[PDB]
file protein.csv (CSV, C-alpha atoms and all ligand atoms)
chain,number,residue,atom,x,y,z
N,9,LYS,CA,0.0,0.0,0.0
N,10,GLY,CA,2.9,2.3,0.8
N,11,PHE,CA,5.2,3.5,-2.0
N,12,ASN,CA,8.1,5.7,-2.8
N,13,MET,CA,6.9,9.0,-4.1
N,14,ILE,CA,8.8,11.2,-6.6
N,15,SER,CA,9.6,14.7,-5.4
N,16,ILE,CA,7.6,17.9,-6.1
N,17,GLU,CA,10.4,19.0,-8.4
N,18,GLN,CA,10.3,15.7,-10.3
N,19,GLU,CA,6.6,15.9,-10.7
N,20,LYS,CA,6.9,19.4,-12.3
N,21,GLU,CA,9.0,17.7,-14.9
N,22,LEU,CA,6.5,14.8,-15.4
N,23,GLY,CA,3.7,17.3,-15.8
N,24,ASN,CA,5.7,19.3,-18.4
N,25,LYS,CA,6.1,16.1,-20.5
N,26,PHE,CA,2.5,15.0,-20.1
N,27,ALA,CA,1.3,18.4,-21.1
N,28,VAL,CA,3.1,18.6,-24.4
N,29,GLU,CA,1.9,15.1,-25.3
N,30,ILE,CA,-1.7,15.6,-24.3
N,31,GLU,CA,-1.9,18.9,-26.1
N,32,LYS,CA,-1.0,17.2,-29.4
N,33,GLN,CA,-4.6,15.7,-29.6
N,34,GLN,CA,-6.4,18.9,-28.3
N,35,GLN,CA,-7.6,22.0,-30.1
N,36,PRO,CA,-6.7,24.9,-27.9
N,37,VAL,CA,-8.8,27.9,-27.2
N,38,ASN,CA,-6.7,30.9,-28.3
N,39,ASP,CA,-9.1,33.5,-26.9
N,40,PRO,CA,-7.3,35.8,-24.4
N,41,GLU,CA,-10.6,36.8,-22.7
N,42,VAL,CA,-11.7,33.2,-22.1
N,43,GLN,CA,-8.1,32.4,-21.0
N,44,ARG,CA,-8.2,35.4,-18.6
N,45,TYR,CA,-11.4,34.4,-17.1
N,46,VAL,CA,-10.5,30.8,-16.4
N,47,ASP,CA,-7.1,32.0,-15.0
N,48,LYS,CA,-9.0,34.3,-12.6
N,49,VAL,CA,-11.4,31.7,-11.2
N,50,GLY,CA,-8.4,29.2,-10.9
N,51,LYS,CA,-6.2,31.8,-9.1
N,52,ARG,CA,-9.1,32.6,-6.7
N,53,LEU,CA,-9.6,28.9,-5.8
N,54,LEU,CA,-5.9,28.4,-5.3
N,55,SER,CA,-5.9,31.1,-2.7
N,56,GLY,CA,-8.2,28.8,-0.7
N,57,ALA,CA,-6.1,25.7,-1.2
N,58,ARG,CA,-3.9,24.1,1.5
N,59,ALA,CA,-0.7,24.0,-0.5
N,60,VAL,CA,0.2,25.6,-3.8
N,61,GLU,CA,3.4,23.7,-4.7
N,62,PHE,CA,3.4,24.2,-8.5
N,63,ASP,CA,3.0,27.1,-10.9
N,64,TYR,CA,-0.5,26.2,-11.7
N,65,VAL,CA,-1.6,26.6,-15.4
N,66,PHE,CA,-5.2,26.4,-16.5
N,67,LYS,CA,-5.7,25.4,-20.1
N,68,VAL,CA,-9.1,25.8,-21.9
N,69,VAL,CA,-9.5,23.2,-24.6
N,70,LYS,CA,-12.1,23.2,-27.5
N,71,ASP,CA,-14.1,20.1,-26.7
N,72,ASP,CA,-17.9,19.8,-26.3
N,73,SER,CA,-17.6,17.0,-23.7
N,74,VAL,CA,-18.2,18.1,-20.2
N,75,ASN,CA,-14.9,17.6,-18.4
N,76,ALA,CA,-12.0,19.1,-16.5
N,77,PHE,CA,-8.9,17.2,-15.4
N,78,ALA,CA,-5.7,17.9,-13.6
N,79,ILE,CA,-2.5,16.2,-14.7
N,80,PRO,CA,0.6,15.8,-12.6
N,81,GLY,CA,2.5,19.1,-11.8
N,82,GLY,CA,-0.4,21.5,-11.3
N,83,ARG,CA,-1.8,21.7,-14.9
N,84,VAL,CA,-5.6,21.7,-15.2
N,85,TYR,CA,-7.5,21.3,-18.4
N,86,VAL,CA,-10.9,22.8,-18.8
N,87,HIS,CA,-13.3,21.8,-21.7
N,88,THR,CA,-15.3,24.4,-23.4
N,89,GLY,CA,-18.2,21.9,-23.0
N,90,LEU,CA,-17.9,22.3,-19.2
N,91,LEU,CA,-18.0,26.1,-19.3
N,92,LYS,CA,-21.1,25.9,-21.6
N,93,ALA,CA,-22.9,23.4,-19.3
N,94,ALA,CA,-22.3,25.3,-16.1
N,95,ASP,CA,-25.3,27.6,-15.2
N,96,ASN,CA,-23.1,30.0,-13.1
N,97,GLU,CA,-19.6,30.6,-11.9
N,98,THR,CA,-20.2,28.8,-8.7
N,99,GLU,CA,-20.9,25.5,-10.5
N,100,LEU,CA,-17.8,26.0,-12.7
N,101,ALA,CA,-15.8,26.7,-9.6
N,102,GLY,CA,-17.1,23.6,-7.8
N,103,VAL,CA,-15.8,21.4,-10.6
N,104,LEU,CA,-12.5,23.3,-10.7
N,105,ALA,CA,-12.0,23.1,-6.9
N,106,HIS,CA,-12.4,19.3,-7.0
N,107,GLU,CA,-9.7,19.0,-9.8
N,108,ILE,CA,-7.4,21.5,-8.2
N,109,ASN,CA,-7.5,19.4,-5.0
N,110,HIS,CA,-6.6,16.3,-6.9
N,111,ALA,CA,-3.5,18.3,-7.9
N,112,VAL,CA,-2.9,19.6,-4.4
N,113,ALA,CA,-3.0,16.1,-2.9
N,114,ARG,CA,-0.8,14.7,-5.8
N,115,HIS,CA,-3.5,12.1,-6.6
N,116,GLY,CA,-2.4,11.5,-10.2
N,117,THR,CA,1.2,10.7,-9.3
N,118,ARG,CA,0.1,8.7,-6.3
N,119,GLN,CA,-2.4,6.6,-8.3
N,120,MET,CA,0.2,6.1,-11.1
N,121,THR,CA,2.8,5.0,-8.6
N,122,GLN,CA,0.5,2.5,-6.9
N,123,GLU,CA,-0.5,1.1,-10.3
N,124,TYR,CA,2.8,1.0,-12.2
N,125,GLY,CA,5.5,1.3,-9.5
N,126,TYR,CA,8.1,3.9,-8.7
N,127,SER,CA,10.6,2.8,-11.3
N,128,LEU,CA,8.2,3.3,-14.2
N,129,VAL,CA,7.1,6.7,-12.8
N,130,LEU,CA,10.7,7.8,-12.3
N,131,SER,CA,11.4,6.6,-15.9
N,132,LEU,CA,8.6,8.9,-17.2
N,133,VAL,CA,10.2,11.7,-15.2
N,134,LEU,CA,13.6,11.1,-16.8
N,135,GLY,CA,12.2,10.3,-20.3
N,136,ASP,CA,13.8,6.8,-20.5
N,139,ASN,CA,7.4,6.6,-25.9
N,140,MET,CA,6.0,5.1,-22.7
N,141,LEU,CA,5.1,8.7,-21.7
N,142,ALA,CA,3.0,8.8,-24.9
N,143,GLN,CA,1.2,5.5,-24.1
N,144,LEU,CA,0.2,6.8,-20.7
N,145,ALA,CA,-0.9,10.3,-21.8
N,146,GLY,CA,-3.5,8.7,-24.1
N,147,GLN,CA,-4.6,6.1,-21.7
N,148,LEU,CA,-5.0,8.3,-18.6
N,149,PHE,CA,-5.9,11.6,-20.2
N,150,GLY,CA,-7.3,11.1,-23.7
N,151,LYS,CA,-10.9,11.2,-25.0
N,152,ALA,CA,-11.6,7.6,-24.0
N,153,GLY,CA,-8.9,7.6,-21.3
N,154,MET,CA,-9.8,7.0,-17.7
N,155,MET,CA,-7.5,8.1,-15.0
N,156,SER,CA,-9.6,6.7,-12.2
N,157,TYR,CA,-9.2,7.6,-8.6
N,158,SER,CA,-9.7,5.4,-5.5
N,159,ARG,CA,-12.7,6.0,-3.3
N,160,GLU,CA,-10.3,7.5,-0.7
N,161,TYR,CA,-8.8,10.0,-3.1
N,162,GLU,CA,-12.3,11.1,-4.3
N,163,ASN,CA,-13.3,11.7,-0.7
N,164,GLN,CA,-10.2,13.7,-0.1
N,165,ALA,CA,-10.7,15.8,-3.2
N,166,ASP,CA,-14.4,16.3,-2.2
N,167,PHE,CA,-13.5,17.3,1.4
N,168,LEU,CA,-10.8,19.7,0.3
N,169,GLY,CA,-12.9,21.1,-2.5
N,170,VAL,CA,-15.7,22.1,0.0
N,171,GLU,CA,-13.0,23.9,2.1
N,172,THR,CA,-11.4,25.5,-0.9
N,173,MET,CA,-14.8,26.8,-2.1
N,174,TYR,CA,-15.7,28.1,1.3
N,175,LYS,CA,-12.3,29.9,1.8
N,176,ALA,CA,-12.6,31.4,-1.8
N,177,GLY,CA,-16.1,32.7,-0.9
N,178,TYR,CA,-18.0,30.4,-3.2
N,179,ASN,CA,-21.1,28.5,-2.1
N,180,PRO,CA,-19.6,25.0,-1.5
N,181,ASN,CA,-22.8,23.4,-2.9
N,182,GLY,CA,-21.5,24.3,-6.4
N,183,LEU,CA,-20.3,20.9,-7.4
N,184,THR,CA,-23.4,19.0,-6.3
N,185,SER,CA,-25.7,21.7,-7.9
N,186,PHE,CA,-23.8,21.2,-11.2
N,187,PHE,CA,-24.4,17.5,-11.0
N,188,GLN,CA,-28.1,18.0,-10.4
N,189,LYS,CA,-28.4,20.2,-13.4
N,190,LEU,CA,-26.5,17.7,-15.5
N,191,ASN,CA,-29.1,15.0,-14.4
N,192,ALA,CA,-31.9,17.5,-15.3
N,207,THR,CA,-14.7,9.3,-14.4
N,208,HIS,CA,-15.3,10.9,-11.0
N,209,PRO,CA,-18.3,8.7,-9.9
N,210,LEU,CA,-20.8,10.6,-7.8
N,211,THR,CA,-21.9,7.9,-5.4
N,212,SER,CA,-24.3,7.9,-2.5
N,213,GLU,CA,-21.3,8.1,-0.2
N,214,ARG,CA,-19.9,11.1,-1.9
N,215,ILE,CA,-23.2,13.0,-1.7
N,216,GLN,CA,-23.6,12.2,2.0
N,217,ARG,CA,-20.0,13.2,2.7
N,218,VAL,CA,-20.3,16.4,0.8
N,219,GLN,CA,-23.6,17.4,2.4
N,220,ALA,CA,-22.2,16.7,5.9
N,221,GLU,CA,-19.1,18.9,5.2
N,222,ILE,CA,-21.3,21.8,4.0
N,223,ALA,CA,-23.6,21.3,7.0
N,224,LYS,CA,-20.7,22.0,9.3
N,225,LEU,CA,-20.1,25.5,7.9
N,226,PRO,CA,-21.8,28.8,9.2
N,227,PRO,CA,-24.9,29.6,7.2
N,228,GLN,CA,-24.3,32.7,5.0
N,229,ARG,CA,-25.3,34.4,1.8
N,230,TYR,CA,-22.8,33.8,-1.0
N,231,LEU,CA,-22.4,36.9,-3.2
N,232,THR,CA,-21.6,36.4,-6.9
N,233,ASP,CA,-20.9,38.7,-9.8
N,234,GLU,CA,-22.0,36.7,-12.8
N,235,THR,CA,-21.0,39.5,-15.3
N,236,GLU,CA,-17.8,37.9,-16.5
N,237,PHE,CA,-19.2,34.3,-16.5
N,238,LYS,CA,-22.2,35.2,-18.6
N,239,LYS,CA,-20.0,37.1,-21.1
N,240,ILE,CA,-17.5,34.2,-21.5
N,241,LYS,CA,-20.3,31.6,-21.7
N,242,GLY,CA,-21.9,33.8,-24.4
N,243,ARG,CA,-18.7,33.9,-26.4
N,244,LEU,CA,-18.3,30.2,-26.2
N,245,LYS,CA,-21.8,29.3,-27.4
N,246,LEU,CA,-20.9,31.4,-30.5
N,247,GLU,CA,-18.3,28.8,-31.4
I,301,ZN,ZN,-12.3,13.3,-8.6

call {"tool": "encode", "arguments": {"input": "protein.csv", "output": "structure tokens"}}
result
Amino acid sequence: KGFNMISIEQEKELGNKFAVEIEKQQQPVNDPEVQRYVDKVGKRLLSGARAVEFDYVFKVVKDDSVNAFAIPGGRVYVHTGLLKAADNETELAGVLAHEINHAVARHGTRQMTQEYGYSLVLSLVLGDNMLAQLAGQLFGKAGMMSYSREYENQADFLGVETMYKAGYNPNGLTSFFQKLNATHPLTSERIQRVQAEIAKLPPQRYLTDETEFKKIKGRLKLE
């Protein structure tokens, strides 16, 4: 169960390599305004996180599927489809806060190390074509990085805290899920755990300025 973990510095390098490989199959958004907006919400959430140990980069990708995913080394990809599906900035932030916390807790590199072993992960770091196999399998359009129940719970727990500290209503993620119904599996357990975490916080009115969100969403539906 225990394993040798690569260093923060080594993971920065792993992320660099994954990023360039993953991006070969993506169509980027090259819209400074959309870029600026996602950067802002991401930066705001990071101010609420427990540890910011990477220079986080938020990349918006042209893809109608509803997804966001962190890769090793603090790089978070956000699909245009997610931005278009979100009803408000709070929903968007809820999804982003969960993914940021997978990065904060180093879940990607932990899961890869438990699955493949330290030697393989270290070899990715050093670049010993294996890196290309893994990019596709973990992070491509049919690719499932899949996190243990424990890591999902951690990302949920931290995401509620992150949202709260950043001044967003922590119900954002579950609200997004409800709207969607009207691989990060939203199980009975996760709903119960998230509701309990939210229940422990002081009741308060969450203030939002949806100006920028509505502008950006508007621009994306034009594409
Ligand atoms: Zn997750």

call {"tool": "atom_distance", "arguments": {"input": "protein.csv", "atom1": "atom CA of residue N:90", "atom2": "atom CA of residue N:113"}}
result
22.9 Å

call {"tool": "atom_distance", "arguments": {"input": "protein.csv", "atom1": "atom CA of residue N:86", "atom2": "atom CA of residue N:155"}}
result
15.6 Å

call {"tool": "closest_atom_pairs", "arguments": {"input": "protein.csv", "of": "chain N", "to": "ligand ZN 301 (chain I)", "cutoff": "9 Å", "atoms": "all atoms listed in the file", "output": "tab-separated table"}}
result
residue	atom	partner	partner_atom	distance
N:77	CA	I:ZN301	ZN	8.5
N:106	CA	I:ZN301	ZN	6.2
N:107	CA	I:ZN301	ZN	6.4
N:109	CA	I:ZN301	ZN	8.6
N:110	CA	I:ZN301	ZN	6.7
N:156	CA	I:ZN301	ZN	8.0
N:157	CA	I:ZN301	ZN	6.5
N:158	CA	I:ZN301	ZN	8.9
N:161	CA	I:ZN301	ZN	7.3
N:162	CA	I:ZN301	ZN	4.8
N:163	CA	I:ZN301	ZN	8.1
N:164	CA	I:ZN301	ZN	8.8
N:165	CA	I:ZN301	ZN	6.2
N:166	CA	I:ZN301	ZN	7.4
N:207	CA	I:ZN301	ZN	7.4
N:208	CA	I:ZN301	ZN	4.5
N:209	CA	I:ZN301	ZN	7.7
N:210	CA	I:ZN301	ZN	9.0

call {"tool": "atom_distance", "arguments": {"input": "protein.csv", "atom1": "atom CA of residue N:66", "atom2": "atom CA of residue N:25"}}
result
15.8 Å

call {"tool": "closest_residue", "arguments": {"input": "protein.csv", "among": "N:242, N:213, N:146, N:218", "to": "residue N:170", "atoms": "only C-alpha atoms"}}
result
N:218

call {"tool": "closest_residue", "arguments": {"input": "protein.csv", "among": "N:105, N:91, N:223, N:69", "to": "residue N:39", "atoms": "all atoms listed in the file"}}
result
N:69

call {"tool": "closest_residue", "arguments": {"input": "protein.csv", "among": "N:221, N:21, N:31, N:99", "to": "residue N:63", "atoms": "all atoms listed in the file"}}
result
N:21

call {"tool": "residues_near_point", "arguments": {"input": "protein.csv", "point": "(-4.3, 23.0, -14.7)", "cutoff": "6 Å", "atoms": "all atoms listed in the file", "output": "PyMOL selection string"}}
result
chain N and resi 64-66+78+82-85

call {"tool": "residues_around", "arguments": {"input": "protein.csv", "residues": "stretch 132-143 of chain N", "least_positions_apart": "2", "cutoff": "12 Å", "atoms": "only C-alpha atoms", "output": "PyMOL selection string"}}
result
chain N and resi 13-33+80-81+117+120-121+124-130+145-150+153

call {"tool": "write_last_selection", "arguments": {"input": "protein.csv", "atoms": "C-alpha atoms", "output": "short mmCIF file (atom, residue, chain, number, x, y, z; two decimals), in the frame of the given file"}}
result
data_model
loop_
_atom_site.label_atom_id
_atom_site.label_comp_id
_atom_site.auth_asym_id
_atom_site.auth_seq_id
_atom_site.Cartn_x
_atom_site.Cartn_y
_atom_site.Cartn_z
CA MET N 13 6.90 9.00 -4.10
CA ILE N 14 8.80 11.20 -6.60
CA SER N 15 9.60 14.70 -5.40
CA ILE N 16 7.60 17.90 -6.10
CA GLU N 17 10.40 19.00 -8.40
CA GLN N 18 10.30 15.70 -10.30
CA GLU N 19 6.60 15.90 -10.70
CA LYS N 20 6.90 19.40 -12.30
CA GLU N 21 9.00 17.70 -14.90
CA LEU N 22 6.50 14.80 -15.40
CA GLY N 23 3.70 17.30 -15.80
CA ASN N 24 5.70 19.30 -18.40
CA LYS N 25 6.10 16.10 -20.50
CA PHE N 26 2.50 15.00 -20.10
CA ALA N 27 1.30 18.40 -21.10
CA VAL N 28 3.10 18.60 -24.40
CA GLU N 29 1.90 15.10 -25.30
CA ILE N 30 -1.70 15.60 -24.30
CA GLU N 31 -1.90 18.90 -26.10
CA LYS N 32 -1.00 17.20 -29.40
CA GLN N 33 -4.60 15.70 -29.60
CA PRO N 80 0.60 15.80 -12.60
CA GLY N 81 2.50 19.10 -11.80
CA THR N 117 1.20 10.70 -9.30
CA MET N 120 0.20 6.10 -11.10
CA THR N 121 2.80 5.00 -8.60
CA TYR N 124 2.80 1.00 -12.20
CA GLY N 125 5.50 1.30 -9.50
CA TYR N 126 8.10 3.90 -8.70
CA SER N 127 10.60 2.80 -11.30
CA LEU N 128 8.20 3.30 -14.20
CA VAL N 129 7.10 6.70 -12.80
CA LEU N 130 10.70 7.80 -12.30
CA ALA N 145 -0.90 10.30 -21.80
CA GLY N 146 -3.50 8.70 -24.10
CA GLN N 147 -4.60 6.10 -21.70
CA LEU N 148 -5.00 8.30 -18.60
CA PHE N 149 -5.90 11.60 -20.20
CA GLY N 150 -7.30 11.10 -23.70
CA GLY N 153 -8.90 7.60 -21.30
#

call {"tool": "residues_around", "arguments": {"input": "protein.csv", "residues": "residue N:71", "least_positions_apart": "5", "cutoff": "10 Å", "atoms": "all atoms listed in the file", "output": "VMD selection string"}}
result
chain N and resid 34 to 37 86 to 90 151

call {"tool": "residues_around", "arguments": {"input": "protein.csv", "residues": "residue N:177", "least_positions_apart": "3", "cutoff": "7 Å", "atoms": "all atoms listed in the file", "output": "PyMOL selection string"}}
result
chain N and resi 173-174+230

call {"tool": "closest_residue", "arguments": {"input": "protein.csv", "among": "N:171, N:236, N:123, N:247", "to": "residue N:224", "atoms": "only C-alpha atoms"}}
result
N:171

call {"tool": "closest_residue", "arguments": {"input": "protein.csv", "among": "N:76, N:240, N:225, N:112", "to": "residue N:56", "atoms": "all atoms listed in the file"}}
result
N:112

call {"tool": "build_atoms", "arguments": {"input": "protein.csv", "residues": "stretch 65-80 of chain N", "atoms": "N, CA and C atoms", "output": "PDB file, in the coordinates of the input"}}
result
ATOM      1  N   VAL N  65      -1.215  26.056 -14.034  1.00  0.00           N
ATOM      2  CA  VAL N  65      -1.600  26.600 -15.400  1.00  0.00           C
ATOM      3  C   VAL N  65      -2.973  25.960 -15.670  1.00  0.00           C
ATOM      4  N   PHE N  66      -3.883  26.829 -16.107  1.00  0.00           N
ATOM      5  CA  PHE N  66      -5.200  26.400 -16.500  1.00  0.00           C
ATOM      6  C   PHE N  66      -5.304  26.567 -18.015  1.00  0.00           C
ATOM      7  N   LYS N  67      -5.684  25.479 -18.667  1.00  0.00           N
ATOM      8  CA  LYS N  67      -5.700  25.400 -20.100  1.00  0.00           C
ATOM      9  C   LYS N  67      -7.187  25.185 -20.506  1.00  0.00           C
ATOM     10  N   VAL N  68      -7.729  26.029 -21.377  1.00  0.00           N
ATOM     11  CA  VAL N  68      -9.100  25.800 -21.900  1.00  0.00           C
ATOM     12  C   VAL N  68      -8.906  25.138 -23.267  1.00  0.00           C
ATOM     13  N   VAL N  69      -9.610  24.032 -23.443  1.00  0.00           N
ATOM     14  CA  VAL N  69      -9.500  23.200 -24.600  1.00  0.00           C
ATOM     15  C   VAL N  69     -10.900  23.146 -25.363  1.00  0.00           C
ATOM     16  N   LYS N  70     -10.886  23.200 -26.692  1.00  0.00           N
ATOM     17  CA  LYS N  70     -12.100  23.200 -27.500  1.00  0.00           C
ATOM     18  C   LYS N  70     -12.596  21.753 -27.584  1.00  0.00           C
ATOM     19  N   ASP N  71     -13.583  21.415 -26.755  1.00  0.00           N
ATOM     20  CA  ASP N  71     -14.100  20.100 -26.700  1.00  0.00           C
ATOM     21  C   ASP N  71     -15.483  20.139 -26.047  1.00  0.00           C
ATOM     22  N   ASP N  72     -16.496  19.677 -26.780  1.00  0.00           N
ATOM     23  CA  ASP N  72     -17.900  19.800 -26.300  1.00  0.00           C
ATOM     24  C   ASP N  72     -18.241  18.849 -25.170  1.00  0.00           C
ATOM     25  N   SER N  73     -17.386  17.874 -24.866  1.00  0.00           N
ATOM     26  CA  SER N  73     -17.600  17.000 -23.700  1.00  0.00           C
ATOM     27  C   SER N  73     -17.457  17.779 -22.443  1.00  0.00           C
ATOM     28  N   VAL N  74     -18.281  17.462 -21.456  1.00  0.00           N
ATOM     29  CA  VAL N  74     -18.200  18.100 -20.200  1.00  0.00           C
ATOM     30  C   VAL N  74     -17.137  17.475 -19.299  1.00  0.00           C
ATOM     31  N   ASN N  75     -15.981  18.135 -19.223  1.00  0.00           N
ATOM     32  CA  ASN N  75     -14.900  17.600 -18.400  1.00  0.00           C
ATOM     33  C   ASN N  75     -13.899  18.722 -18.029  1.00  0.00           C
ATOM     34  N   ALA N  76     -13.185  18.434 -16.949  1.00  0.00           N
ATOM     35  CA  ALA N  76     -12.000  19.100 -16.500  1.00  0.00           C
ATOM     36  C   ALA N  76     -11.112  18.082 -15.868  1.00  0.00           C
ATOM     37  N   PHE N  77      -9.806  18.211 -16.003  1.00  0.00           N
ATOM     38  CA  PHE N  77      -8.900  17.200 -15.400  1.00  0.00           C
ATOM     39  C   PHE N  77      -7.580  17.849 -15.089  1.00  0.00           C
ATOM     40  N   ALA N  78      -7.054  17.532 -13.908  1.00  0.00           N
ATOM     41  CA  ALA N  78      -5.700  17.900 -13.600  1.00  0.00           C
ATOM     42  C   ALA N  78      -4.754  16.772 -13.967  1.00  0.00           C
ATOM     43  N   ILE N  79      -3.599  17.154 -14.504  1.00  0.00           N
ATOM     44  CA  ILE N  79      -2.500  16.200 -14.700  1.00  0.00           C
ATOM     45  C   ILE N  79      -1.415  16.448 -13.707  1.00  0.00           C
ATOM     46  N   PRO N  80      -0.401  15.573 -13.620  1.00  0.00           N
ATOM     47  CA  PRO N  80       0.600  15.800 -12.600  1.00  0.00           C
ATOM     48  C   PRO N  80       1.246  17.224 -12.805  1.00  0.00           C
TER      49      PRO N  80
END
